[PDB]
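So this block is my_file_15.pdb, PDB, C-alpha atoms (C1' of nucleotides):
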MODEL        1
ATOM      1  CA  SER A   1      32.579  62.324  80.558
ATOM      2  CA  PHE A   2      29.161  60.551  80.329
ATOM      3  CA  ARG A   3      27.316  57.444  81.701
ATOM      4  CA  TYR A   4      27.497  54.380  79.374
ATOM      5  CA  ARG A   5      26.660  50.656  79.914
ATOM      6  CA  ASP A   6      25.715  51.899  83.431
ATOM      7  CA  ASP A   7      29.251  53.108  84.353
ATOM      8  CA  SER A   8      31.347  56.336  84.151
ATOM      9  CA  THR A   9      33.426  56.723  80.951
ATOM     10  CA  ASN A  10      34.403  59.268  78.256
ATOM     11  CA  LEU A  11      35.163  59.278  74.440
ATOM     12  CA  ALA A  12      38.969  58.667  74.752
ATOM     13  CA  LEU A  13      38.442  55.522  76.880
ATOM     14  CA  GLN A  14      35.798  53.938  74.563
ATOM     15  CA  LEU A  15      38.026  54.372  71.470
ATOM     16  CA  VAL A  16      41.276  53.192  73.215
ATOM     17  CA  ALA A  17      39.417  50.096  74.560
ATOM     18  CA  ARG A  18      38.144  49.313  70.957
ATOM     19  CA  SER A  19      34.404  49.787  71.752
ATOM     20  CA  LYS A  20      32.746  48.715  68.448
ATOM     21  CA  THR A  21      29.385  50.578  68.825
ATOM     22  CA  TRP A  22      31.170  53.963  69.036
ATOM     23  CA  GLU A  23      33.567  53.068  66.173
ATOM     24  CA  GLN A  24      30.660  51.987  63.896
ATOM     25  CA  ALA A  25      28.825  55.307  64.514
ATOM     26  CA  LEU A  26      32.096  57.303  64.008
ATOM     27  CA  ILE A  27      32.904  55.581  60.650
ATOM     28  CA  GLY A  28      29.203  56.137  59.673
ATOM     29  CA  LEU A  29      29.639  59.923  60.299
ATOM     30  CA  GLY A  30      32.369  59.971  57.546
ATOM     31  CA  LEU A  31      35.649  58.759  59.170
ATOM     32  CA  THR A  32      37.854  56.475  56.945
ATOM     33  CA  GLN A  33      38.712  53.062  58.565
ATOM     34  CA  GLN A  34      42.447  53.856  57.990
ATOM     35  CA  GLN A  35      42.119  57.200  59.879
ATOM     36  CA  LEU A  36      40.519  55.326  62.858
ATOM     37  CA  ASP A  37      43.175  52.526  62.809
ATOM     38  CA  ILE A  38      45.902  55.232  63.217
ATOM     39  CA  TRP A  39      44.101  57.322  65.903
ATOM     40  CA  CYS A  40      43.362  54.283  68.157
ATOM     41  CA  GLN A  41      47.207  54.002  68.394
ATOM     42  CA  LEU A  42      48.117  57.703  68.896
ATOM     43  CA  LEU A  43      45.123  58.252  71.247
ATOM     44  CA  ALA A  44      46.137  55.214  73.372
ATOM     45  CA  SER A  45      49.849  56.289  73.382
ATOM     46  CA  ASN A  46      49.020  59.698  74.948
ATOM     47  CA  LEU A  47      47.524  57.864  78.019
ATOM     48  CA  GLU A  48      50.469  55.371  78.465
ATOM     49  CA  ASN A  49      53.233  57.497  80.149
ATOM     50  CA  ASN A  50      54.067  60.686  82.189
ATOM     51  CA  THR A  51      51.641  59.771  85.045
ATOM     52  CA  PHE A  52      54.055  60.870  87.870
ATOM     53  CA  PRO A  53      56.236  64.093  87.955
ATOM     54  CA  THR A  54      60.074  63.537  87.516
ATOM     55  CA  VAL A  55      61.182  66.358  89.974
ATOM     56  CA  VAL A  56      59.370  68.500  92.608
ATOM     57  CA  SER A  57      58.257  71.752  90.850
ATOM     58  CA  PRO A  58      59.799  75.015  92.327
ATOM     59  CA  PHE A  59      56.363  76.637  92.990
ATOM     60  CA  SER A  60      54.801  73.640  94.834
ATOM     61  CA  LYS A  61      54.220  73.431  98.619
ATOM     62  CA  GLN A  62      56.549  71.346 100.914
ATOM     63  CA  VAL A  63      55.844  70.625 104.710
ATOM     64  CA  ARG A  64      57.673  68.109 107.051
ATOM     65  CA  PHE A  65      56.642  65.922 110.029
ATOM     66  CA  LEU A  66      57.840  62.766 111.844
ATOM     67  CA  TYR A  67      56.831  59.409 110.233
ATOM     68  CA  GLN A  68      58.039  55.969 111.499
ATOM     69  CA  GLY A  69      60.691  57.632 113.738
ATOM     70  CA  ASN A  70      62.133  60.088 111.097
ATOM     71  CA  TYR A  71      61.175  63.155 108.915
TER      72      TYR A  71
ATOM     73  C1'   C B   1      60.009  72.321 112.602
ATOM     74  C1'   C B   2      52.432  75.006 110.994
ATOM     75  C1'   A B   3      48.694  74.376 102.251
ATOM     76  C1'   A B   4      55.787  75.982 105.301
ATOM     77  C1'   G B   5      59.378  81.035 104.195
ATOM     78  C1'   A B   6      58.966  87.355 102.193
ATOM     79  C1'   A B   7      54.993  91.679 101.285
ATOM     80  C1'   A B   8      52.585 100.031 101.900
ATOM     81  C1'   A B   9      45.843 100.034  97.918
ATOM     82  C1'   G B  10      46.483 104.951  97.197
ATOM     83  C1'   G B  11      45.270 110.077  95.011
ATOM     84  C1'   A B  12      40.203 114.002  93.891
ATOM     85  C1'   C B  13      34.817 115.531  94.819
ATOM     86  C1'   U B  14      28.404 121.019  96.656
ATOM     87  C1'   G B  15      21.807 116.925  96.988
ATOM     88  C1'   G B  16      18.734 120.773  95.977
ATOM     89  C1'   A B  17      13.933 123.804  95.172
ATOM     90  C1'   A B  18       8.067 124.119  97.262
ATOM     91  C1'   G B  19       3.735 123.105 101.230
ATOM     92  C1'   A B  20      -3.229 124.235 106.286
ATOM     93  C1'   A B  21      -4.926 117.772 109.764
ATOM     94  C1'   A B  22      -9.715 118.863 110.745
ATOM     95  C1'   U B  23     -15.436 118.801 112.793
ATOM     96  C1'   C B  24     -18.503 116.065 117.701
ATOM     97  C1'   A B  25     -18.977 114.090 123.115
ATOM     98  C1'   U B  26     -21.938 113.159 131.038
ATOM     99  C1'   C B  27     -17.583 107.741 134.641
ATOM    100  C1'   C B  28     -21.179 106.641 138.153
ATOM    101  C1'   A B  29     -23.613 104.163 142.630
ATOM    102  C1'   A B  30     -22.283 101.788 148.612
ATOM    103  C1'   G B  31     -18.826 101.188 152.898
ATOM    104  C1'   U B  32     -16.652 101.106 161.387
ATOM    105  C1'   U B  33      -9.101  99.891 161.740
ATOM    106  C1'   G B  34      -9.131  98.117 166.872
ATOM    107  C1'   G B  35      -7.025  96.073 171.507
ATOM    108  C1'   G B  36      -2.045  96.697 176.101
ATOM    109  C1'   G B  37       2.287  99.275 177.883
ATOM    110  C1'   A B  38       7.607 102.630 183.705
ATOM    111  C1'   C B  39      13.495 106.312 180.548
ATOM    112  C1'   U B  40      16.235 106.233 184.838
ATOM    113  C1'   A B  41      19.925 103.375 186.889
ATOM    114  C1'   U B  42      26.330 102.135 191.443
ATOM    115  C1'   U B  43      24.455 108.757 189.941
ATOM    116  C1'   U B  44      30.114 111.681 190.032
ATOM    117  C1'   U B  45      28.948 118.594 190.020
ATOM    118  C1'   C B  46      29.631 119.299 197.287
ATOM    119  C1'   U B  47      31.632 123.682 201.253
ATOM    120  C1'   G B  48      32.402 128.778 201.686
ATOM    121  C1'   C B  49      34.095 134.497 201.667
ATOM    122  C1'   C B  50      33.300 139.922 198.937
ATOM    123  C1'   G B  51      29.368 142.284 196.434
ATOM    124  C1'   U B  52      22.213 146.252 197.638
ATOM    125  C1'   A B  53      21.685 141.794 194.358
ATOM    126  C1'   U B  54      19.162 134.330 192.274
ATOM    127  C1'   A B  55      23.611 140.285 188.367
ATOM    128  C1'   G B  56      29.410 139.801 188.128
ATOM    129  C1'   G B  57      33.935 138.027 190.322
ATOM    130  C1'   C B  58      36.856 134.546 193.632
ATOM    131  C1'   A B  59      39.778 130.486 197.241
ATOM    132  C1'   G B  60      39.798 125.666 198.414
TER     133        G B  60
ENDMDL
END

Please express what this file holds, its structure, as structure tokens.
Amino acid sequence: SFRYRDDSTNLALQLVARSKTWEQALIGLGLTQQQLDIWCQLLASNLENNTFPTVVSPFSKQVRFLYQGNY
RNA sequence: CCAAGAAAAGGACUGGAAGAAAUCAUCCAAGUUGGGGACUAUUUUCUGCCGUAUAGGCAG
């Protein structure tokens, strides 16, 4: 992470959001426009799913209490 | 129905050798403790005979 435009961000977020200043510097450092056009898609895709676990993992903790009249 | 439930830290071991604390010295001067006073009371222990006897032994 780093501070940019007076907020908290990182490299993955600036490229997924299509932040032109970072893309212009990155192409200037030798990246082909076609390589960037593909990465913006794959990089974004990796942050679009699997945000909540499907099952409870067998080594996790579990504790139970009353809530709204039941456990 | 507890950041829930279960749990063997164990086995071994050489701190050693040697040494100089020393020399000197003025606590002094003065000083009012005093005045008054019940251990006996509702006590318990008297009266005699023998014996040279304030010795020693006895009845009531």

Interface rows for chain A against chain B: nearest pair, Å to one decimal, 9 Å, all atoms listed in the file, as a tab-separated table:
residue	atom	partner	partner_atom	distance
A:61	CA	B:3	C1'	6.7
A:62	CA	B:4	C1'	6.4
A:63	CA	B:4	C1'	5.4
A:64	CA	B:1	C1'	7.3
A:65	CA	B:1	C1'	7.7

Export of the given selection (C-alpha atoms) as a JSON list (two decimals), in the coordinates of the input:
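The new file out-v7.json reads:
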[["chain", "number", "residue", "atom", "x", "y", "z"],
["A", 61, "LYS", "CA", 54.22, 73.43, 98.62],
["A", 62, "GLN", "CA", 56.55, 71.35, 100.91],
["A", 63, "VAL", "CA", 55.84, 70.62, 104.71],
["A", 64, "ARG", "CA", 57.67, 68.11, 107.05],
["A", 65, "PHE", "CA", 56.64, 65.92, 110.03]]

Nearby residues (all atoms listed in the file) at most 8 Å from stretch 16-24 of chain A, same-chain spacing under 5 positions excluded, as an MDAnalysis selection string:
chainID A and resid 40:41 43:44

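Computed from the coordinates, the atom CA of residue A:1 to atom CA of residue A:32 distance equals 24.9 Å.
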
Can you measure atom CA of residue A:55 to atom CA of residue A:42 for me? One decimal in Å is fine.
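Result for atom CA of residue A:55 versus atom CA of residue A:42: 26.3 Å, one decimal.
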
In Å, how far is it from atom CA of residue A:12 to atom CA of residue A:28?
18.1 Å

Calculated over only C-alpha atoms, which of the candidates A:26, A:66, A:47, A:35 has the smallest distance to residue A:13?
A:47

For the structure shown, which residues end up in the PyMOL selection byres ((chain B and resi 60) around 9)? Put them as a PDB file with C-alpha atoms (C1' of nucleotides), keeping the file's coordinate frame, please?
ATOM      1  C1'   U B  47      31.632 123.682 201.253  1.00  0.00           C
ATOM      2  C1'   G B  48      32.402 128.778 201.686  1.00  0.00           C
ATOM      3  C1'   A B  59      39.778 130.486 197.241  1.00  0.00           C
TER       4        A B  59
END
